[PDB]
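What follows is a single structure, written as structure tokens, with notes after it.
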Amino acid sequence: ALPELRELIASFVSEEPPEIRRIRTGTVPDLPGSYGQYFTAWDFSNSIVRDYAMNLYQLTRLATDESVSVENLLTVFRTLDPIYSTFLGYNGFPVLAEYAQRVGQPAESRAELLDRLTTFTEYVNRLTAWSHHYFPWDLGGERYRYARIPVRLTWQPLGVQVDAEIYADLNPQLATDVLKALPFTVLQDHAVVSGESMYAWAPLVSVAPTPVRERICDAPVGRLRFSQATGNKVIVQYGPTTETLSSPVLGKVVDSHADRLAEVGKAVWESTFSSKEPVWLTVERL
Amino acid sequence: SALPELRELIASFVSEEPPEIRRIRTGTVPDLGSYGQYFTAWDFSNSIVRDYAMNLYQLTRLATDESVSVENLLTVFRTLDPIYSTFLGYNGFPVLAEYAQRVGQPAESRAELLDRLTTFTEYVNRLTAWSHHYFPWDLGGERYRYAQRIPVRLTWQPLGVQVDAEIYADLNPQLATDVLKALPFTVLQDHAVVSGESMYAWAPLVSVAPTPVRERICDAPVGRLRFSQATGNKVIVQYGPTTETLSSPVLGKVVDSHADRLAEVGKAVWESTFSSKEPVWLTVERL
Ligand SMILES: O=C(O)CC[C@]1(C(=O)O)N[C@H](C(=O)O)Cc2c1[nH]c1ccccc21
Ligand SMILES: O=C(O)CC[C@]1(C(=O)O)N[C@H](C(=O)O)Cc2c1[nH]c1ccccc21
């Protein structure tokens, strides 16, 4: 459907998109940002592309709902998309805006529209992944400070390796979807709002049901969860949190390897919040 | 009114800062880990409530499209809303997430659903308005530097600056009628933080009017009045240049003999939104 987006998705799994490089260095054409700075444009670029990616996934889900006609889906997309994609096109993402218009073109079938949305969502998810990695989350930390399928996870250049287990029965189609994407190597980043957890944008768009979920605060060390709605992310719980929402249970790092995760979470913290030195997560079947 | 408490909160929040915004911007959201800082949660709260409001208006626009059934719309809302509202409910806006659920309930007619969406949209619009005013836009200021004719009156306090203006009632007729029906109002005046020298103020209405007559922003004269429904139903005042080649509905113009009075306001308004956060209040009234 969108063969060029497929090539860019394959490239950006290991290479920084030039869109993200220009935004974070303040070299976007036509210089966005009032009065000689580009932080405000950087703030809008990072957050809008993220929330745009959230809309695109929920629209992909809507494309699977057969109670809504294909013509209605296109009507919903043509109304909700432009205010986001037009701004993103003039603020660092011209290719994004290009294929946003193309996704909204008339579709011959629900399968074609779903194929556009699924491919376009993964492409925007990867732009969000890189944008999240390079956004200066510690900029305000100075003056806003408070008072059983076996698999293998590897973090480089840390060199840490752990064995894990995918639960293929709890969320069957979800586990199947993640297992189908193996092996992959993507950037490993940290949560920036809440919890001692890290997530990595995995190369897939799963619309599987998630009947089996577990409260985050009760998630054990080494818990493998997955978040479709925030970008199809593999999440590793390495420490405590008080958030009471529930996340789909994907798997668990084995008991004898779970104590190895604390040093990963600390380094992944340092990279997401400060140094921006890449940490690469590899997930593979054993 | 479908959600009358929201209407009450609308009336209050035009003049008073919502307690949620003050709690977020001071890091005092109760029981809210953020690793010994509250900037990141502030960053997500501000941007997500703004983009949530952007989705809600497009859903309000969809509510006037009779080719999409009311049942297909409620299906659309029930799928798109929770990822936004549940996050906002746990990060400072419990009342917003509480009423987001009531928006998605079964509706007896299209008019009842549109009334829910329009009211909820204006409520989240005012939350976004205050969050925009108080967000620390100067945080990266140092680190990331580059190398017929309807007569109306606009007054900015505490400056006391005053300009007469004309509303172009025959170009975007339904938009002009919607804006004129909201007069008089007094709202917070804030500055654009991305696209240069314009200032906008979230106006107390949700217009679903068509916007046929648009003019390139780079071509708008000093004193041009424009209006943006999709970014929060904002009255926009042009006072400086811009290279934006984008479209914006033409609403009116500050009269020629008063255009010199806008530079000092735009300078003072920028000082507020960007660093000082001292409120500048805009009153728009008929003449
Ligand atoms: O943090 C929360 O309150 C919710 C949990 C959450 C996650 O599932 O990863 N945390 C992320 C982070 O910390 O970066 C941000 C985030 C989460 N859900 C979200 C839903 C919508 C937008 C953003 C988020
Ligand atoms: O900035 C741009 O590139 C577009 C012009 C714009 C405006 O309509 O006022 N500027 C605003 C600002 O600077 O705060 C941000 C903004 C604008 N459209 C938008 C559309 C969607 C989201 C955000 C914006």
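Identifiers in the structure tokens: chain A, B, ... in order shown; residue index from 1 per chain; ligand index from 1 in order shown.
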Compile a residue-level contact table for chain B against ligand 1 at a cut-off of 10 Å, reporting for every qualifying residue the shortest atom pair and its distance in Å to one decimal, with only C-alpha atoms and all ligand atoms counted, rows ordered by chain and ascending number, as a tab-separated table.
residue	atom	partner	partner_atom_place_in_ligand_line	distance
B:32	CA	ligand 1	3 (O)	8.6
B:33	CA	ligand 1	1 (O)	8.1
B:34	CA	ligand 1	13 (O)	8.0
B:40	CA	ligand 1	14 (O)	8.5
B:41	CA	ligand 1	1 (O)	8.1
B:44	CA	ligand 1	23 (C)	7.0
B:45	CA	ligand 1	22 (C)	9.1
B:47	CA	ligand 1	22 (C)	9.8
B:48	CA	ligand 1	22 (C)	7.2
B:82	CA	ligand 1	20 (C)	9.1
B:83	CA	ligand 1	21 (C)	5.6
B:84	CA	ligand 1	21 (C)	5.7
B:85	CA	ligand 1	21 (C)	8.5
B:86	CA	ligand 1	20 (C)	7.8
B:87	CA	ligand 1	20 (C)	5.3
B:88	CA	ligand 1	3 (O)	8.2
B:89	CA	ligand 1	3 (O)	9.2
B:90	CA	ligand 1	3 (O)	6.4
B:91	CA	ligand 1	3 (O)	6.3
Hey, can you spit out that residue selection with C-alpha atoms as a short mmCIF file (atom, residue, chain, number, x, y, z; two decimals), in the first residue's frame?
data_model
loop_
_atom_site.label_atom_id
_atom_site.label_comp_id
_atom_site.auth_asym_id
_atom_site.auth_seq_id
_atom_site.Cartn_x
_atom_site.Cartn_y
_atom_site.Cartn_z
CA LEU B 32 0.38 11.88 42.04
CA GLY B 33 6.86 8.16 40.30
CA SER B 34 8.26 11.30 38.67
CA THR B 40 7.73 15.83 32.69
CA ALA B 41 4.23 15.37 34.13
CA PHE B 44 2.50 15.70 29.28
CA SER B 45 -0.45 17.32 31.08
CA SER B 47 0.25 18.92 25.65
CA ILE B 48 -2.20 16.05 26.14
CA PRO B 82 -10.13 6.56 26.82
CA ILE B 83 -6.41 6.65 25.99
CA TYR B 84 -6.52 10.44 26.43
CA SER B 85 -9.05 10.92 29.22
CA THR B 86 -7.96 8.14 31.60
CA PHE B 87 -4.40 9.47 31.52
CA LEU B 88 -5.68 12.99 32.20
CA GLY B 89 -7.89 11.74 35.03
CA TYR B 90 -4.90 10.26 36.85
CA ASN B 91 -2.63 13.25 36.08
#
12 Å contact set for residue 77 of chain A, only C-alpha atoms, chain neighbours under 5 positions out, as an MDAnalysis selection string: (chainID A and resid 52 55:60 62:63 70:72 82:85 100:106 113 116:117) or (chainID B and resid 55 58:59 62 76 80)
Restricting it to N, CA, C and O atoms, dump the selection as a tab-separated table (two decimals), in the first residue's frame.
chain	number	residue	atom	x	y	z
A	52	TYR	N	-0.50	12.36	17.88
A	52	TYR	CA	-0.93	11.96	16.54
A	52	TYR	C	-0.82	10.45	16.36
A	52	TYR	O	-1.73	9.81	15.83
A	55	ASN	N	-3.72	8.79	18.02
A	55	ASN	CA	-4.92	8.85	17.19
A	55	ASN	C	-4.87	7.81	16.08
A	55	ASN	O	-5.88	7.14	15.80
A	56	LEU	N	-3.71	7.66	15.43
A	56	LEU	CA	-3.62	6.77	14.28
A	56	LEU	C	-3.84	5.32	14.68
A	56	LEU	O	-4.41	4.54	13.92
A	57	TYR	N	-3.38	4.92	15.87
A	57	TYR	CA	-3.61	3.55	16.32
A	57	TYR	C	-5.09	3.31	16.59
A	57	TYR	O	-5.64	2.28	16.18
A	58	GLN	N	-5.74	4.23	17.31
A	58	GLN	CA	-7.16	4.07	17.58
A	58	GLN	C	-7.98	4.11	16.30
A	58	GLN	O	-9.05	3.49	16.23
A	59	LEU	N	-7.51	4.82	15.28
A	59	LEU	CA	-8.16	4.77	13.98
A	59	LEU	C	-7.91	3.43	13.30
A	59	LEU	O	-8.79	2.91	12.60
A	60	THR	N	-6.71	2.86	13.49
A	60	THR	CA	-6.45	1.52	12.98
A	60	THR	C	-7.37	0.49	13.64
A	60	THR	O	-7.89	-0.41	12.96
A	62	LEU	N	-10.34	1.22	14.84
A	62	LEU	CA	-11.65	1.51	14.25
A	62	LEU	C	-11.78	0.89	12.87
A	62	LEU	O	-12.89	0.53	12.46
A	63	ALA	N	-10.67	0.75	12.14
A	63	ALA	CA	-10.71	0.13	10.82
A	63	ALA	C	-11.02	-1.36	10.89
A	63	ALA	O	-11.43	-1.93	9.87
A	70	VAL	N	-16.55	1.68	5.66
A	70	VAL	CA	-15.27	2.20	5.18
A	70	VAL	C	-15.39	3.67	4.81
A	70	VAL	O	-14.48	4.47	5.08
A	71	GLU	N	-16.51	4.05	4.19
A	71	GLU	CA	-16.73	5.45	3.86
A	71	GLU	C	-16.80	6.30	5.12
A	71	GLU	O	-16.32	7.45	5.13
A	72	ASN	N	-17.38	5.76	6.19
A	72	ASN	CA	-17.42	6.50	7.46
A	72	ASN	C	-16.03	6.62	8.07
A	72	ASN	O	-15.68	7.67	8.60
A	82	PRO	N	-6.20	16.28	9.47
A	82	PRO	CA	-5.47	17.44	8.93
A	82	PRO	C	-4.90	18.39	9.98
A	82	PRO	O	-3.76	18.84	9.83
A	83	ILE	N	-5.66	18.70	11.04
A	83	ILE	CA	-5.18	19.65	12.03
A	83	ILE	C	-3.87	19.18	12.65
A	83	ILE	O	-3.03	19.99	13.05
A	84	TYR	N	-3.66	17.86	12.72
A	84	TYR	CA	-2.41	17.32	13.23
A	84	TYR	C	-1.34	17.29	12.15
A	84	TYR	O	-0.25	17.86	12.31
A	85	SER	N	-1.63	16.63	11.02
A	85	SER	CA	-0.60	16.36	10.02
A	85	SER	C	-0.14	17.63	9.32
A	85	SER	O	1.04	17.73	8.95
A	100	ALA	N	-0.01	11.31	5.10
A	100	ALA	CA	-1.29	11.49	5.78
A	100	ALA	C	-2.39	11.81	4.79
A	100	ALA	O	-3.49	11.25	4.87
A	101	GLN	N	-2.12	12.71	3.84
A	101	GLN	CA	-3.07	12.95	2.76
A	101	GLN	C	-3.32	11.68	1.96
A	101	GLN	O	-4.44	11.42	1.53
A	102	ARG	N	-2.27	10.89	1.75
A	102	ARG	CA	-2.38	9.68	0.93
A	102	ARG	C	-3.22	8.62	1.63
A	102	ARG	O	-3.95	7.87	0.97
A	103	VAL	N	-3.12	8.53	2.96
A	103	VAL	CA	-3.91	7.56	3.70
A	103	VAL	C	-5.40	7.89	3.58
A	103	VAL	O	-6.25	7.00	3.48
A	104	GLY	N	-5.73	9.18	3.58
A	104	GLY	CA	-7.10	9.63	3.46
A	104	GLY	C	-7.71	9.55	2.08
A	104	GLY	O	-8.86	9.97	1.90
A	105	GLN	N	-6.99	9.03	1.10
A	105	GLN	CA	-7.54	8.88	-0.24
A	105	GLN	C	-8.60	7.78	-0.25
A	105	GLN	O	-8.65	6.94	0.65
A	106	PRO	N	-9.47	7.77	-1.26
A	106	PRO	CA	-10.49	6.72	-1.35
A	106	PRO	C	-9.85	5.33	-1.38
A	106	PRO	O	-8.84	5.11	-2.04
A	113	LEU	N	-7.57	0.01	3.32
A	113	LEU	CA	-7.53	1.10	4.29
A	113	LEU	C	-6.82	0.66	5.57
A	113	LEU	O	-6.03	1.42	6.14
A	116	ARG	N	-3.06	0.65	4.85
A	116	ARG	CA	-2.51	2.00	4.93
A	116	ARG	C	-2.33	2.43	6.38
A	116	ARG	O	-1.24	2.87	6.78
A	117	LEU	N	-3.39	2.31	7.18
A	117	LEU	CA	-3.35	2.81	8.55
A	117	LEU	C	-2.33	2.05	9.39
A	117	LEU	O	-1.61	2.65	10.19
B	55	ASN	N	-8.86	16.92	19.48
B	55	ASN	CA	-9.68	15.78	19.07
B	55	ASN	C	-11.15	16.03	19.33
B	55	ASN	O	-12.01	15.67	18.52
B	58	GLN	N	-12.86	18.20	16.63
B	58	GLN	CA	-13.08	17.44	15.41
B	58	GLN	C	-14.20	16.42	15.58
B	58	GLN	O	-14.96	16.16	14.65
B	59	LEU	N	-14.32	15.85	16.78
B	59	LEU	CA	-15.47	15.00	17.08
B	59	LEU	C	-16.75	15.81	17.16
B	59	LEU	O	-17.82	15.31	16.80
B	62	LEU	N	-17.61	16.31	13.60
B	62	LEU	CA	-18.19	15.06	13.11
B	62	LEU	C	-19.63	14.89	13.57
B	62	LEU	O	-20.42	14.22	12.90
B	76	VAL	N	-16.90	5.75	17.55
B	76	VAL	CA	-15.64	6.45	17.33
B	76	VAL	C	-15.14	7.08	18.63
B	76	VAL	O	-13.96	6.96	18.98
B	80	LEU	N	-11.53	6.35	20.70
B	80	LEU	CA	-10.50	7.37	20.71
B	80	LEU	C	-10.35	8.06	22.06
B	80	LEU	O	-9.24	8.52	22.39
Neighbourhood of ligand 2 at 6 Å, counting only C-alpha atoms and all ligand atoms, reported as number ranges by chain: A: 83-84, 87; B: 192-195, 231
How would the residues just picked look written out with C-alpha atoms as a CSV table (one decimal), in the first residue's frame?
chain,number,residue,atom,x,y,z
A,83,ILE,CA,-5.2,19.7,12.0
A,84,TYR,CA,-2.4,17.3,13.2
A,87,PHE,CA,1.1,21.3,11.6
B,192,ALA,CA,1.7,32.4,20.1
B,193,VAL,CA,4.7,30.4,21.1
B,194,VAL,CA,5.7,28.8,17.7
B,195,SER,CA,4.5,30.9,14.8
B,231,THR,CA,-7.0,25.0,18.0
Nearest residue to chain B from the set A:230, A:131, A:154, A:274 (distances using only C-alpha atoms):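 Of the candidates, the smallest distance to chain B is held by A:230.
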Residue set, segment 53-245 of chain A restricted to helix (DSSP H, G or I), as a ChimeraX atom specification: /A:53-64,70-80,82-89,94-103,110-134,172-180,216-218
Strand (DSSP E) call set, DSSP backbone run, segment 37-275 of chain A, as an NGL selection string: :A and (149-156 or 160-166 or 184-187 or 189-190 or 197-201 or 213-215 or 223-227 or 233-237 or 246-253)
